[PDB]
Every structure is written in C-alpha cells, then in structure tokens.
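**Q** Starting off with a structure, shown below.
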Amino acid sequence: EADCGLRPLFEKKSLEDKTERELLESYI
Amino acid sequence: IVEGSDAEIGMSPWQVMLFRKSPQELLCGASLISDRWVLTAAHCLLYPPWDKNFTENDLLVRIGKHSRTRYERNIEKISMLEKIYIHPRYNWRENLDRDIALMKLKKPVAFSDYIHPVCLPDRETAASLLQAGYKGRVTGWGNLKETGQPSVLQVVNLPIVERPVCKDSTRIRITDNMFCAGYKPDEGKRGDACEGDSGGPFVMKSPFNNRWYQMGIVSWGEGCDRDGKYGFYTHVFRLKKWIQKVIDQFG
Amino acid sequence: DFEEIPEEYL
Ligand SMILES: CC[C@@H](N)C(=O)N1CCC[C@H]1C(=O)NCc1cccc(Cl)c1
Ligand code: NA
Ligand code: NA
C-alpha cells in the first residue's frame, strides 16, 4: 500500500535492525 | 537459508508462510504486498515434473510469523485463499523463466507490529538499486544446509552478482526476468537461499526514501551455498506490468 | 513437527 516498506518496530520508531547498515554501505 | 542468522522480531513484517493443510507443513515462503495480496514463486504452486499443482483449497497463508513450527497465538494470522494467479508464460519446462504468482486473500489481513506490506519497485528504484555489489536481504524458514530446519525465521544479506558471472556459473539458460545473488568464492563470506525458502522475498532498503522494496523472489539454485554458484531470483520489476494487470482487473 | 493450527481456518 502507501505505508509500504516501513516496519512498525523499526522505521516507524526510527530504530535500525542489526544489519541494514550492511545494505546501506554497499549502495556505493 | 544457509549461513544466515535469526531474524529480529518485526524485522520482516511482510514475510508470509505458504502452509499446507494436510499434511500440515511448510510449503514455501511468500510476501505481503497489500492487505489482501500475497506474492510468491510460481513453482511453489505449479511444478509438473514434481507432480505439484496446488489449488486454493489446498493451502493456507500464515502472516506475522517468527517461529517455524509453533502456532503463535495472538501474533500470527492465517488467511484462506480466494484465488491463485500464475503468470501465463511461466516456463516450468525449461528454466523457470517468469517464476511468479499472485494469491488474492479471502479476507483482508489486519496490519500490526508483526504484519505490514513491503513496497514493489518502480522503474527508477529498480534502475538505481539493481546493481552488482549492492546487497539485498532474503528471508525464510527453509533448510539450514543443502543436506536442518531452523527454529526461527532466518535472515541473510547477499550482494547482487554481475550478469556475465551469473551466466558463466551455470549451464541453464538465464533471462532478463532473473538476477543472481551470492558471494564469490573469493569474497570469503557466504550464504544462500535453500529448499523451503522458495517464493520468499529478496528485499532492499532504498537509501532514497528509506523504504523496503521487494526486488526479487527466491526461485532456484543448483545446490545450496555451493562455491562458485549463485541463488537466482525472479526479477519483480520486470514483471510489474503483469502484477498490476492482475491487481487492476481482479479487485 | 508442526504445532496444530486451530481447526478453523479450514
Ligand atoms: C531448476 C533448478 C533446481 N535445482 C531448482 O532450484 N528448483 C527446481 C524447481 C524448484 C527450484 C528450487 O529448488 N528453488 C529453491 C531454491 C534453492 C536454492 C537457491 C534458491 Cl535462490 C532457490
Ligand atoms: Na553458462
Ligand atoms: Na555459492
């Protein structure tokens, strides 16, 4: 839908899961 | 998943479990793309070489899960299938080209901390993120190794692999509707999807709007976590036309 | 090996 891709327990609360930064750092 | 890790609670709220009624069992992974639609791989439902041709009544959809075998009371939600939709040009005969299907649910699922849909890519997100070396995340409750069953949802991050490398790794005829992912023997780290992970989501988190997109569907591999071999994924943006066709015409 | 789902949902 339009709230898509935003997880309640992480993005909605501005928390990160433990390895999403591995993803970010690869987006080089 | 092979050489993956235990998922954090709420980490993959789109993750769906294709569940077999009788005998009760895990059929495949799948994903939640809206409150009534679930996306999965075609071969999870139809694969004549293995005498697989499931119908709605055969299956249940279990959303919001963490634990593989446990019935997570007050947390998970199990949905009944209304209709199954398989890509009309799904190639089970040669290479599993277009390995994708839609599953319309009987009643809307209610979102929660544990249940939430993932986005589907637009052309500009696909173009920006489908790049060799960019990593995605695949999840599922499948085997822990080629030759076992995890207690909870497993997670692994894997780099998208260069098309020539994909092609040179296999004898199978590969298409634009596919991409492969996994580390090279070189890169040391490892990990892959495995049996039972089928139809599950390959997602990326856009650095542009911080939203998670499902770029791929777990489709096939030759072994699991085999050195010099890669996981192959249905290219979801390449079949997005088909997806909104199906959704634009059946409610 | 799977915990029994409620008889409903079928
Ligand atoms: C056609 C190659 C065959 N080994 C295969 O992978 N099949 C035959 C039809 C089902 C599919 C499968 O096992 N998919 C699961 C899978 C295993 C390992 C990696 C990945 Cl990405 C997916
Ligand atoms: Na080849
Ligand atoms: Na490999």
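Identifiers for the structure tokens are assigned positionally: chains receive A, B, ... in sequence, residues are indexed from 1 per chain, and ligands are indexed from 1 in the order shown.
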Please find the residues of chain B near chain C - the criterion being any atom within 9 Å, counting only C-alpha atoms - and write them as a PyMOL selection string.

**A** chain B and resi 21+24-26+57+60+68-71+78-80

**Q** Print the selection's residues with C-alpha atoms to a file, as a compact mmCIF listing (two decimals), in the first residue's frame.

**A**
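File selection34.txt, as written:
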```txt
# COMPACT_ATOMS: atom_id res chain seq x y z
CA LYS B 21 -3.25 -28.04 5.36
CA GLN B 24 0.18 -29.64 7.86
CA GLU B 25 3.56 -28.37 6.70
CA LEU B 26 5.66 -25.51 5.31
CA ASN B 57 -8.41 -25.12 -1.02
CA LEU B 60 -3.39 -21.60 3.92
CA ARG B 68 8.74 -22.02 12.16
CA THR B 69 6.66 -24.81 13.72
CA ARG B 70 4.85 -23.05 16.56
CA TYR B 71 1.35 -21.58 16.33
CA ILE B 78 -3.76 -17.35 8.98
CA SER B 79 -5.63 -16.50 5.74
CA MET B 80 -7.63 -18.59 3.32
```

**Q** Give me, as JSON, numbers by chain, all polymer residues having an atom no more than 12 Å from residue B:164, counting only C-alpha atoms and skipping those fewer than 2 positions away in the same chain.

**A** {"B": [132, 161, 162, 166, 167, 168, 169, 170, 174, 175, 179, 180]}

**Q** Compute the set of protein, DNA and RNA residues whose minimum atom distance to ligand 1 is at most 8 Å, using only C-alpha atoms and all ligand atoms, and state it as a PyMOL selection string.

**A** chain B and resi 43-44+47+92+95-96+180-181+192-198+218-225+230-233

**Q** I need the residues in stretch 50-174 of chain B that are alpha helix (DSSP H) according to DSSP; give them as a ChimeraX atom specification.

**A** /B:123-129,163-168

**Q** Please dump the current selection as a PDB file, in the first residue's frame; keep N, CA, C and O atoms.

**A**
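The resulting selection-v5.pdb:
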```pdb
ATOM      1  N   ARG B 123      10.223   1.791 -11.816  1.00  0.00           N
ATOM      2  CA  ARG B 123      11.371   1.689 -12.710  1.00  0.00           C
ATOM      3  C   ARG B 123      12.600   2.408 -12.163  1.00  0.00           C
ATOM      4  O   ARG B 123      13.742   1.996 -12.367  1.00  0.00           O
ATOM      5  N   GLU B 124      12.408   3.515 -11.456  1.00  0.00           N
ATOM      6  CA  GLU B 124      13.564   4.333 -11.057  1.00  0.00           C
ATOM      7  C   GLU B 124      14.269   3.727  -9.847  1.00  0.00           C
ATOM      8  O   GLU B 124      15.493   3.843  -9.692  1.00  0.00           O
ATOM      9  N   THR B 125      13.518   3.043  -8.979  1.00  0.00           N
ATOM     10  CA  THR B 125      14.137   2.341  -7.852  1.00  0.00           C
ATOM     11  C   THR B 125      14.891   1.112  -8.349  1.00  0.00           C
ATOM     12  O   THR B 125      16.037   0.836  -7.988  1.00  0.00           O
ATOM     13  N   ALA B 126      14.261   0.343  -9.225  1.00  0.00           N
ATOM     14  CA  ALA B 126      14.931  -0.785  -9.859  1.00  0.00           C
ATOM     15  C   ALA B 126      16.231  -0.365 -10.526  1.00  0.00           C
ATOM     16  O   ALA B 126      17.304  -0.949 -10.350  1.00  0.00           O
ATOM     17  N   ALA B 127      16.140   0.684 -11.349  1.00  0.00           N
ATOM     18  CA  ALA B 127      17.358   1.127 -12.028  1.00  0.00           C
ATOM     19  C   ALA B 127      18.397   1.542 -11.003  1.00  0.00           C
ATOM     20  O   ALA B 127      19.589   1.279 -11.153  1.00  0.00           O
ATOM     21  N   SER B 128      17.973   2.198  -9.916  1.00  0.00           N
ATOM     22  CA  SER B 128      19.020   2.673  -9.017  1.00  0.00           C
ATOM     23  C   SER B 128      19.636   1.594  -8.136  1.00  0.00           C
ATOM     24  O   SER B 128      20.795   1.752  -7.741  1.00  0.00           O
ATOM     25  N   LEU B 129      18.887   0.553  -7.809  1.00  0.00           N
ATOM     26  CA  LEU B 129      19.311  -0.426  -6.825  1.00  0.00           C
ATOM     27  C   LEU B 129      19.712  -1.775  -7.399  1.00  0.00           C
ATOM     28  O   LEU B 129      20.488  -2.490  -6.751  1.00  0.00           O
ATOM     29  N   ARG B 163      25.842 -10.133 -14.198  1.00  0.00           N
ATOM     30  CA  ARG B 163      25.160 -10.957 -15.181  1.00  0.00           C
ATOM     31  C   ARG B 163      26.090 -11.933 -15.890  1.00  0.00           C
ATOM     32  O   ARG B 163      25.797 -13.132 -15.951  1.00  0.00           O
ATOM     33  N   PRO B 164      27.221 -11.494 -16.431  1.00  0.00           N
ATOM     34  CA  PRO B 164      28.144 -12.473 -17.020  1.00  0.00           C
ATOM     35  C   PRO B 164      28.566 -13.531 -16.002  1.00  0.00           C
ATOM     36  O   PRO B 164      28.669 -14.719 -16.319  1.00  0.00           O
ATOM     37  N   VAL B 165      28.810 -13.116 -14.758  1.00  0.00           N
ATOM     38  CA  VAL B 165      29.187 -14.113 -13.760  1.00  0.00           C
ATOM     39  C   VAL B 165      28.037 -15.083 -13.532  1.00  0.00           C
ATOM     40  O   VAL B 165      28.256 -16.293 -13.470  1.00  0.00           O
ATOM     41  N   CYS B 166      26.821 -14.541 -13.419  1.00  0.00           N
ATOM     42  CA  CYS B 166      25.651 -15.405 -13.263  1.00  0.00           C
ATOM     43  C   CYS B 166      25.617 -16.477 -14.354  1.00  0.00           C
ATOM     44  O   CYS B 166      25.529 -17.676 -14.069  1.00  0.00           O
ATOM     45  N   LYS B 167      25.709 -16.025 -15.600  1.00  0.00           N
ATOM     46  CA  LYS B 167      25.620 -16.898 -16.769  1.00  0.00           C
ATOM     47  C   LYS B 167      26.770 -17.899 -16.817  1.00  0.00           C
ATOM     48  O   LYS B 167      26.559 -19.081 -17.090  1.00  0.00           O
ATOM     49  N   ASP B 168      27.994 -17.453 -16.541  1.00  0.00           N
ATOM     50  CA  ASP B 168      29.137 -18.353 -16.585  1.00  0.00           C
ATOM     51  C   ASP B 168      29.150 -19.356 -15.446  1.00  0.00           C
ATOM     52  O   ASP B 168      29.990 -20.255 -15.432  1.00  0.00           O
TER      53      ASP B 168
END
```

**Q** As a short mmCIF file (atom, residue, chain, number, x, y, z; two decimals) with N, CA and C atoms, in the first residue's frame, could you give me every residue of chain B near chain A (at most 6 Å apart, counting only C-alpha atoms)?

**A**
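Below you can see part_18.cif, which holds the result:
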```cif
data_model
loop_
_atom_site.label_atom_id
_atom_site.label_comp_id
_atom_site.auth_asym_id
_atom_site.auth_seq_id
_atom_site.Cartn_x
_atom_site.Cartn_y
_atom_site.Cartn_z
N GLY B 10 9.89 -8.54 14.28
CA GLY B 10 9.39 -7.42 13.50
C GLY B 10 10.26 -6.99 12.34
N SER B 34 0.04 -6.05 0.07
CA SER B 34 -1.11 -5.21 0.41
C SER B 34 -1.94 -6.00 1.41
N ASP B 113 2.20 -4.66 14.51
CA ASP B 113 3.65 -4.57 14.60
C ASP B 113 4.35 -5.67 13.80
N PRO B 117 2.94 -4.63 4.81
CA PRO B 117 3.33 -4.96 3.44
C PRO B 117 4.62 -4.28 3.00
N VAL B 118 5.34 -4.94 2.11
CA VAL B 118 6.55 -4.36 1.54
C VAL B 118 6.21 -3.59 0.27
N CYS B 119 7.02 -2.62 -0.17
CA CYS B 119 6.72 -1.99 -1.46
C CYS B 119 7.15 -2.81 -2.67
N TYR B 134 25.53 -4.24 -4.91
CA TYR B 134 24.50 -3.80 -3.96
C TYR B 134 23.92 -5.02 -3.26
N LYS B 135 23.75 -4.93 -1.94
CA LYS B 135 23.28 -6.14 -1.26
C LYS B 135 21.78 -6.11 -1.04
N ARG B 211 12.57 3.16 2.49
CA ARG B 211 11.50 2.18 2.46
C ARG B 211 12.03 0.85 1.94
N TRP B 212 11.46 -0.26 2.41
CA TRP B 212 11.92 -1.55 1.88
C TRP B 212 11.11 -1.97 0.66
#
```

**Q** As a PyMOL selection string, which residues of stretch 212-241 of chain B does DSSP assign to strand (DSSP E)?

**A** chain B and resi 212-220+231-235

**Q** Tell me, in Å to one decimal, how far atom CA of residue B:190 is from atom CA of residue B:171.

**A**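 Answer for the atom CA of residue B:190 to atom CA of residue B:171 separation: 22.0 Å.
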
**Q** Enumerate residues in contact with ligand 3: an atom-to-atom distance of at most 7 Å, counting only C-alpha atoms and all ligand atoms. Format the result as a PDB file with C-alpha atoms, in the first residue's frame.

**A**
```pdb
ATOM      1  CA  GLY B 182      25.599 -14.566  -3.521  1.00  0.00           C
ATOM      2  CA  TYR B 183      29.263 -14.110  -2.697  1.00  0.00           C
ATOM      3  CA  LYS B 184      32.092 -15.281  -4.941  1.00  0.00           C
ATOM      4  CA  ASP B 192      22.235 -18.570   0.181  1.00  0.00           C
ATOM      5  CA  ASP B 225      25.573 -22.245  -0.744  1.00  0.00           C
ATOM      6  CA  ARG B 226      27.644 -24.042  -3.376  1.00  0.00           C
ATOM      7  CA  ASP B 227      31.043 -22.484  -4.034  1.00  0.00           C
ATOM      8  CA  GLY B 228      31.021 -20.695  -7.377  1.00  0.00           C
ATOM      9  CA  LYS B 229      27.245 -20.976  -7.659  1.00  0.00           C
ATOM     10  CA  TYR B 230      24.525 -18.386  -7.087  1.00  0.00           C
TER      11      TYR B 230
END
```

**Q** Under the rule that only C-alpha atoms and all ligand atoms are counted, which of B:172, B:236, B:103, B:152 is the nearest residue to ligand 2?

**A**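 Comparing B:172, B:236, B:103, B:152 against ligand 2, the winner is B:172.
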
**Q** Would you work out the distance separating atom CA of residue B:133 from atom CA of residue B:39, expressed in Å to one decimal?

**A**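 Between these atoms lies a distance of 25.4 Å.
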